[PDB]
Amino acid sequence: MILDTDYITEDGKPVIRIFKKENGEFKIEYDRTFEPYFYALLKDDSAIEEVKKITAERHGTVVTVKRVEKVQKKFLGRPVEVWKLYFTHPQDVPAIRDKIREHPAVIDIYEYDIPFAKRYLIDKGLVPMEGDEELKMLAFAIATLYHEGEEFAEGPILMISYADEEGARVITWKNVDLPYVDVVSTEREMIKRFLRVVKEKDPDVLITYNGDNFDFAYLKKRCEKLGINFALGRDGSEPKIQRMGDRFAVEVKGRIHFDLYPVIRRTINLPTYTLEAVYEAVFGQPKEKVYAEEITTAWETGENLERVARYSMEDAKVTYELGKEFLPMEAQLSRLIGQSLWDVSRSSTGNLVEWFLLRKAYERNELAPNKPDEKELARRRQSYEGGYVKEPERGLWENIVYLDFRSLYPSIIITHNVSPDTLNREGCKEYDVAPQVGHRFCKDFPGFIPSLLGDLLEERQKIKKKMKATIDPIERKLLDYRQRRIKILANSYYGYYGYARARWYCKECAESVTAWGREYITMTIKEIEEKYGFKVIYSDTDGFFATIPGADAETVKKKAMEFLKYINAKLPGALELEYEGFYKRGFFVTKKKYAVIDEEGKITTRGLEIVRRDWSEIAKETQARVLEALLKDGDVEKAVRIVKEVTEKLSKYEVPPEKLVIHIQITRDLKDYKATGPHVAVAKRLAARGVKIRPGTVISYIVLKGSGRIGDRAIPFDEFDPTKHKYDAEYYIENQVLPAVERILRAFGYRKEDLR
């Protein structure tokens, strides 16, 4: 089982290292045969010997073209001939690719920015994380000394913790009366003990939470100041600190450093992303946190250090338990994308699609387009029109059926052959025309992406079917992840089409997909209304809520089935409308804001404030409470009662303070905010302290009773405490709880005045 790839240099020549685990034993494969290359396209074969003789310099050295071969390749389905420029060293490239391209007789250069190790996995057709192997894992966390006004590190590591299958233990250099804490003499001793256990345990996966930008990194500077060699790698190497854009990432060679924070952020939507918040969310088990002022105080006073060691032990524990929950999903994703878990787990949606397409492009001898240059990126600032949203029939409804297409946009892509290699292709026998936008798509042959999307969806149904048959627990659950992982990749293609940074960018493909979807949803709206007498309450992009006004639950149900049988006969290709569910009642505030109640009594919510993270827990809890009353019981007077109830508890300051917190993320440099909002103003003052504000940092603030703008009365909740602070009861009652619950009962004639 191939875990990762990289290369070392031996006598100036690159040596691929294939890190594997084969039947429980870590192994390293070496390849010195692989040669770095990129492609060049030129007007005449006359400049090739002129193109062989170009020279550059990387580091006092002189880089030359090792060899040349010219290959017949396809470009967007069209055949072409490019020169393959081999080189001595993987880094020979970047130094000389610009020089070759500025050559007037070269038209362009292709596939010049593929990392050697990743290029190796593609060209050699090797799949990472493919196999049945069980990986030994080890999670770890650290505790540190912090003075409010001081730079990074320089303030020792008080304790280091780790967890695995056997349990969780803490290492520290003071004495703590806890059975799971190992005591050593010094911080230097504590660090060295941690190096020994990792080597002793020899884990394939090192699980951290934000170790990329803190946990790991501290350890090095402390290791450097204390004269310690940080031999964490399987080849005795030190962790690799690398720069990933704004933030940083850490490698550990021979092992997979599995930082949960990036994978947790992309996978889940949480109001806050502290370790306790993620744990409470995933496992429903609460974890309390000891703040940094508490740990430094405790350490210097020698107060309950038991409390700090219990917290630090739980950090490692939940990190391991979270790592056990998310590694397989992330591992199967790597098998799909064909890249290392390390690279896959830190990759955005766009990178994952492109790494997949690049592997497939290589297989189909399809030369890969380049990433757009700066000016060519500017010509992609064009925008197009997307899904269709019907203005709802606002109010309360009964006997509501929901019908949507199965994977609308993927179905459109394969059915109509939506692809840049087929868009406006000439000389074909059969074409599909996209409505409104009018683009033609050749259909004589399968488009590059449509063929990939077809086999993807075909494979998923095969995994899904194999799933139910499998006797094995663990193969079955992994099969669930790969199948579900194929779903997310399959639905990423349309957005990829409109992504300006995509190699395979095609705005025409993007607006063609959206155009068909609008006609398919609207044509279906009219058919169900005109020929079956249904009433369509609400339709958003790929589905609609419909009812027959004066009908029984069984009548609307069975009639809806008959409509399905009828339009599916009229539905081309893989497009199919399905019966998603039936809901006894539903309430629709406006576009994107609605909720429904099924037969079970379970309530589904969309776009309402209960879903929002920038709305305090309390207006959501109240909005959920009223929503339940009329959806579950129909008791409108009970719904004004709970609002009445809540409103007086805010007025009397009985409501807990944590309910009143409102979490709003910072989306950019603070300097570039044209307007200053409450979360901005808060963030801005923390900036005027030791804390630094990173885009994507969540600010949790509370509004206090005071005079002025809401931004001038907001403090971070951590520094809020009732001794000197009285929260603003009126704002939460006037701007929060009522406005949310003053978007659904107006239809019942109620006004905020009826709820104070």
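Think of the rigid core as the biggest set of C-alphas that the two forms share within 1.5 Å after superposition. All residue numbers are counted from 1 along the displayed sequence.
task = Once the rigid core is lined up, would you tell me whether 214 to 222 or 630 to 638 has the higher RMS CA deviation in 5 other deposited structures of this protein?
result = Farther on average in 5 other deposited structures of this protein: 630 to 638.
Larger mean CA deviation from the shown form in 5 other deposited structures of this protein [core fit; 645 to 653 vs 569 to 577] = Once the cores are fitted, 645 to 653 deviates more in 5 other deposited structures of this protein.
ask   = Averaged over C-alpha atoms, is the B-factor higher for 128 to 136 or for 248 to 256 in this PDB entry?
value = In the deposited entry, the stretch with the higher C-alpha B-factor mean is 128 to 136.
task = Report the stretch with the higher mean CA temperature factor, choosing between 401 to 409 and 643 to 651 on the basis of the entry.
result = The entry gives the higher C-alpha B-factor average to 643 to 651.
inquiry  = Looking at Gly498, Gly550, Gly517, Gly236, which one carries the largest C-alpha B-factor according to the PDB entry?
reply    = The record points to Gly550.
Selection by C-alpha B-factor (highest) of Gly601, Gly543, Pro392, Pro435 = If I rank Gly601, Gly543, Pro392, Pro435 by C-alpha B-factor, first place goes to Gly601.
query = Lowest, middle or highest third: where is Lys13 by C-alpha B factor in its chain?
reply = Ranked within chain, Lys13 CA B lands in the middle tercile.
Lowest, middle or highest third - CA B-factor, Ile699 = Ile699: CA B-factor falls in the middle third of its chain.
query = What third of its chain's C-alpha B-factors does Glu200 belong to: lowest, middle or highest?
reply = Middle third of the chain for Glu200's C-alpha B-factor.
request  = Can you work out whether the C-alpha temperature factor of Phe26 puts it in the lowest, middle or highest third of the chain?
outcome  = CA B-factor rank for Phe26: lowest third.
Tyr86 - which third its CA temperature factor falls in, relative to the rest of the chain = Its C-alpha B-factor belongs to the highest third of this chain's values.
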